[PDB]
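**Q** Below you'll find the sequence and an experimental structure to go with it.
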Amino acid sequence: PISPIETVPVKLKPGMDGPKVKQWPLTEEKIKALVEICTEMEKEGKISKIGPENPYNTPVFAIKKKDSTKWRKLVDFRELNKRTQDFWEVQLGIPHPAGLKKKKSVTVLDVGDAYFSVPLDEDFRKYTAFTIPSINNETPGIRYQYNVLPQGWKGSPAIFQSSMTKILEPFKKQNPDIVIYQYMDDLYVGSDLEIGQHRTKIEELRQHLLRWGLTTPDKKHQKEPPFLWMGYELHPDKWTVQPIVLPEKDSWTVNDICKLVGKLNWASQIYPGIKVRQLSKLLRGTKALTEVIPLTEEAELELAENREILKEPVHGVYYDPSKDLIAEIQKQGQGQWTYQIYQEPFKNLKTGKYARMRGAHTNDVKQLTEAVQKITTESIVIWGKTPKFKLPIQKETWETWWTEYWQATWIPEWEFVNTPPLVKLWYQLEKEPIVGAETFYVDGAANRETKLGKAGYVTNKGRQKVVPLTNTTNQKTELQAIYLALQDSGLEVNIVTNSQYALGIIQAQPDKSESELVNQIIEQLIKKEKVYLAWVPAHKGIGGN
Amino acid sequence: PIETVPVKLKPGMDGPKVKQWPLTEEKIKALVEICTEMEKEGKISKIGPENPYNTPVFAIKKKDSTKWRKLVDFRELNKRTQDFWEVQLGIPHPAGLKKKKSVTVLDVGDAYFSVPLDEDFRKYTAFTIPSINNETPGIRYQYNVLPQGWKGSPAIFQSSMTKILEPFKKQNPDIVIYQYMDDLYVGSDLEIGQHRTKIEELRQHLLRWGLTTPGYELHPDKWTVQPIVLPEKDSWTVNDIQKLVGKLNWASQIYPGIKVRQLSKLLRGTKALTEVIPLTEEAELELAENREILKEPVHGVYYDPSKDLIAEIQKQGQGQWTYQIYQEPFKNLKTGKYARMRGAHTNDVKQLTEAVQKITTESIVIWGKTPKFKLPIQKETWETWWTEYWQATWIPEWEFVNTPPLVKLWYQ
RNA sequence: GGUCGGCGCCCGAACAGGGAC
DNA sequence: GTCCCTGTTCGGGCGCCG
Ligand SMILES: Nc1ncnc2c1ncn2[C@H]1C[C@H](O)[C@@H](COP(=O)(O)OP(=O)(O)OP(=O)(O)O)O1
Ligand SMILES: [Mg+2]
Ligand SMILES: [Mg+2]
């Protein structure tokens, strides 16, 4: 029936009252389904007929379970949610199959009518009031309150998950070496007993769950692989993602694109080399989820590539804690990175991508460091340890970067893997001035009001330039002055400036900018043999600053 | 039998609601073992999701320990309990500690589990053990006794601690003892032998008084001072003088009497950076007066007991790290430099973590406060790695900066 | 057509701090 | 007061799980 587990004292936010909302008018089919349901639960212990001394009401509806005929009765408890106390969620993330160890025997149970088997706080029941029309117009309709966790009420998930832990604990304690992956009401149960002992242990556990009001219907995957679980198929020595079906469109709405990008993202956990930059690039200046947007040629190419990636078949393996984790990263271009985590070669635990872009200006070294950071944290969640890295950057490159950078930066144990394109720094600033090279004192400034500015330089050899700029800023004119000295100098050059801003952008050796100007500067820096940059204060009459 | 000190957060503030971060397997194993034992002793107990509060939990090994030690990050709870532990039940900081020749740090956190925690306050001390691969929902506990890591616990235990140390103090009245968080700072001017001996005695005294202990020997006198220094050259290039003038121009915000007029003159044309230019007699004079000013202390610079401390750190390269501690801009209470710490020449994060602990430990001794750090590191980088290197039972506050060195101010 | 909790990815807007005119 | 760097912190959308 209903669990004997003690109830969870729940309250409302101080100075707030229960909900007062009238039913969504709904389809007759829905009404019939709900009528069946409410009668059932009435009979069972789950629902109770309320009198007229119940002032509150909140709308209900129903959905279908997937590949099913049964209805899930939901309650739009939004308003009530606004007015319920906050909870601390105990669900901290999602189990992943690449994190499972190899077990000799495996079972996957599911709990029948999970929520409705858990008693609600007596004193709180009053607010879960809902009405159901017998017919849409014909009769007033019977109305009720819940005695058990509703479905749509913001406290239900954590209360269920915590109650499930509470129930499982005596059994788990009695059975130290039975692994139980508990996610909401899915129980993946794994052991190293022979199939007989294991089946016995399973029966024990189902009995136990029964003693606490919890039923395991015979939608239990008996130890017959493959087991369907958390969106995956679990074979004895491999797992795969359940079939992913990409959107196909003649004409693409922003809704379609969001759906496609989401689906590719899910896919990228085990399909190597999936990119989304170009498809994602079309969702920048978008307003309507209905708004249609033309596929760029480049986006088109990206989609073709992903679509044929999703053709050649893949599977991940399980985790062997007696072998090292390895994480291997390749560079894709345009700030896109992918990676595979494996233990034996060619046998991925899982794969993944990193494409995020942070800051206006950046370089490949920084982005690789970020991809390492992301993978590290993911690995800690999944396996609780940091994998050894294989990275497409020369040990010397990395040493030059981290030892000269003014920010603290680090990468854990890694080795060079010679898989092009290699990550490199594209240019290097001198630490000392260059003898025999022309010195440029550069300078730019603009008008805050009129947005007109000037950028130019004067040279120890008499070279001079001034350039008028239209619709600009101080910062812009400052990058412009530097850029003109780069444009007009030989292969070696010293450049003096008072822009801390421009100097602070350039000394971080970026190879990538949101800003065209900065990118042009970068192109110029790459063509030089030797560039020395220096700062001097303004308003003190240093040269032509 | 023991009476619990009522505790109320500062008016107009909620309890902490901070998300638990991912833990390595060895840290989760240690924590699971520790909390199991602690619940068996009543020190903590399970709570549900209807307690809306949370504080991150993790685990560390102290320097040379091999013994995992539970650490709760009560920073949020501490700055919400502030007038409770700083004002109502503040612990006095002894000006003499910092003057002592030798100062030893002893761990006494365990003691605090002797004392019940105010029933109404327990809910605020909630934490959640996480699990590898999210095999389970997190397991939530709260504290029944005074927790390690909360500034309230030394506050409340203060009475018992003074009562306990009373004899030893009576015998050795020359010795300063300071209680900060889970630590006891024991300073004296004895020569080392008799110092360490006395520490051993105190360890025994504490041992019999029902309180255990898991070298840690400071010498505040040798806490170096890192000033601003100008270069010395027989020949000066245009570039050298530009460097010299930017440095002096930065310096002037701290020392008002500094001037660059004569030196600036030398840079009037637009000469080649590499060109040597004779120092003008006036310029030499200005320069010498400036070395003189930089030799002297800043004027009117005093610790304000009502303001917080701030620490900035600069990465100088080659394992070298400079820092300043101030309450107001350009009014440095202290400057310094570390070199050759664990991780030198291979790991910036480990070095910086060490720097942060050294500096915090120094501030505790000198002022009885822990500074808020400005850290030269991207946030993600720090957050990913700092708990792997943390060896202390407190955690300072911090924020992130990215300040390209245009002038080499604190290192030559 | 419509509810909840978690985790992923992306977009946005505010707010705090800090520099530079 | 604009312009332009660190960081919060809340909102939205899609995917996936229950
Ligand atoms: N779309 C949803 N909205 C709110 N709660 C949900 C939703 N889907 C699932 N849940 C919650 C309520 C369920 O009791 C619990 C378990 O999920 P589920 O196994 O899918 O249904 P169920 O246990 O209630 O019935 P069944 O026996 O068919 O599995 O998760
Ligand atoms: Mg179910
Ligand atoms: Mg289920």
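**A** Right, received. Where do you want to start? Numbers count the residues shown, from 1 in each chain, chains lettered A, B, ... in the order given. Ligands and ions are numbered 1, 2, ... in the order given.

**Q** what residues go with each domain of chain A?
**A** Following curated CATH domains, chain A resolves into domains at A:1-90+A:116-156, A:91-115+A:157-225, A:226-319, A:320-426, A:427-545.

**Q** Same list, these, but as a markdown table with mean neighbour count please.
**A** Bear in mind the C-beta positions are built from the backbone N, C-alpha and C, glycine included. Listed next are these as a markdown table, based on neighbours: other C-beta atoms under 10 Å in any protein chain shown:
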| stretch | mean neighbour count |
| --- | --- |
| domain A:1-90+A:116-156 | 16 |
| domain A:91-115+A:157-225 | 17 |
| domain A:226-319 | 15 |
| domain A:320-426 | 18 |
| domain A:427-545 | 18 |
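
**Q** Could I get these in TSV, plus columns for distance to chain B?
**A** TSV is the format used below for the domains of chain A (distance: least, C-beta to the nearest C-beta, whole Å):
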stretch	distance to chain B
domain A:1-90+A:116-156	4
domain A:91-115+A:157-225	3
domain A:226-319	9
domain A:320-426	3
domain A:427-545	4
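
**Q** what comes into contact with stretch A:427-437?
**A** For stretch A:427-437, the external contacting residues (C-beta atoms under 8 Å, 6 or more residues apart in numbering or on different chains) are A:400, A:439, A:490, A:492-494, A:506-507, A:509, A:522, A:525-526, A:528, A:530-534, B:237, B:239, B:273-274.

**Q** Sorry, slip of the keys, the one I care about is stretch A:327-340.
**A** Contacts to stretch A:327-340, defined as C-beta under 8 Å, 6+ apart, come from residues A:268, A:272-275, A:277, A:341-342, A:348, A:350-355, A:357, A:362, A:364, A:367-368, A:371-372, A:375, A:379, A:387-392, A:417, A:419, A:421, A:423, A:512.

**Q** taking these one by one, which sit in helices?
**A** Applying DSSP state H to these, the entries found in helices are A:277, A:364, A:367-368, A:371-372, A:375, A:379.

**Q** Identify the residues contacting residue A:316.
**A** Neighbours of residue A:316 in contact, by C-beta under 8 Å, 6+ apart: A:97-98, A:238-240, A:270, A:348-350.

**Q** before we move on, back to that, which stretch among the domains of chain A comes nearest residue B:101?
**A** With C-beta to C-beta as the measure, domain A:320-426 is the member of these nearest residue B:101 (33.4 Å).

**Q** Off-centre distance for the closest one?
**A** Centroid separation for domain A:320-426 versus its chain: 18 Å, with C-alpha atoms, centre = their mean, to the nearest Å.

**Q** try stretch B:344-353
**A** Using C-alpha atoms, centre = their mean, the distance between the centre of stretch B:344-353 and that of its chain works out at 17 Å.

**Q** quick one on the thing from earlier: between the contacts of residue A:316, which is nearest ligand 1?
**A** Among the contacts of residue A:316, residue A:97 lies closest to ligand 1 (C-beta to the nearest ligand atom), at 19.0 Å.

**Q** Chain neighbours aside, what residue packs nearest to that closest one?
**A** residue A:239 (4.2 Å; C-beta to C-beta, 6 or more residues apart in numbering or on different chains).

**Q** I figured that neighbour was touching residue A:319, is that so?
**A** No. Assessed by C-beta atoms under 8 Å, residue A:239 is found out of contact with residue A:319, at 10.9 Å.

**Q** Between those two, which contacts overlap?
**A** Both residue A:239 and residue A:319 are contacted by A:98, A:100, under the criterion C-beta under 8 Å, 6+ apart.

**Q** how about the helices of the chain, start to end?
**A** Because you didn't say which chain, this covers chain A. Under the criterion DSSP H, helices of chain A are mapped to A:28-44, A:78-82, A:122-125, A:156-174, A:195-211, A:254-267, A:277-280, A:297-309, A:364-383, A:395-404, A:474-487, A:500-507, A:516-527.

**Q** To clarify, I was referring to chain B.
**A** Using DSSP H, helices in chain B cover B:25-40, B:75-80, B:82, B:152-171, B:192-208, B:238-251, B:261-265, B:281-295, B:348-367, B:379-389.

**Q** Between the ones you listed, which one is closest to ligand 3.
**A** Smallest distance to ligand 3 across the helices of chain B (C-beta to the ion): 25.8 Å, for helix B:25-40.

**Q** anything in that closest one near chain A?
**A** Yes. Helix B:25-40 is in contact with chain A by C-beta under 8 Å from any C-beta of the partner chain, via B:25-26, B:28.

**Q** what about burial for these, which qualify?
**A** Buried subset of these (neighbour count, 16 or more other C-beta atoms under 10 Å in any protein chain shown): residue B:28.

**Q** who's in contact with the closest residue to ligand 1 within the stretch 1-150 of chain B?
**A** Among the residues of the stretch 1-150 of chain B, residue B:137 lies nearest to ligand 1; the distance is 13.5 Å by C-beta to the nearest ligand atom. Counting by C-beta under 8 Å, 6+ apart, residue B:137 makes contact with A:90-92, A:158, A:161-162, A:164-165, A:182.

**Q** Okay, the residue lying closest to it once chain neighbours are set aside and ligand 1: tell me how far apart.
**A** Nearest residue to residue B:137 in three dimensions, chain neighbours excluded: residue A:90, at 3.6 Å (C-beta to C-beta, 6+ apart). Between residue A:90 and ligand 1 the distance is 14 Å, computed by C-beta to the nearest ligand atom, to the nearest Å.

**Q** quick one, what contacts residue A:98?
**A** Contact partners of residue A:98, counting by C-beta under 8 Å, 6+ apart, are A:239, A:316-319, A:341, A:349-350, A:382.
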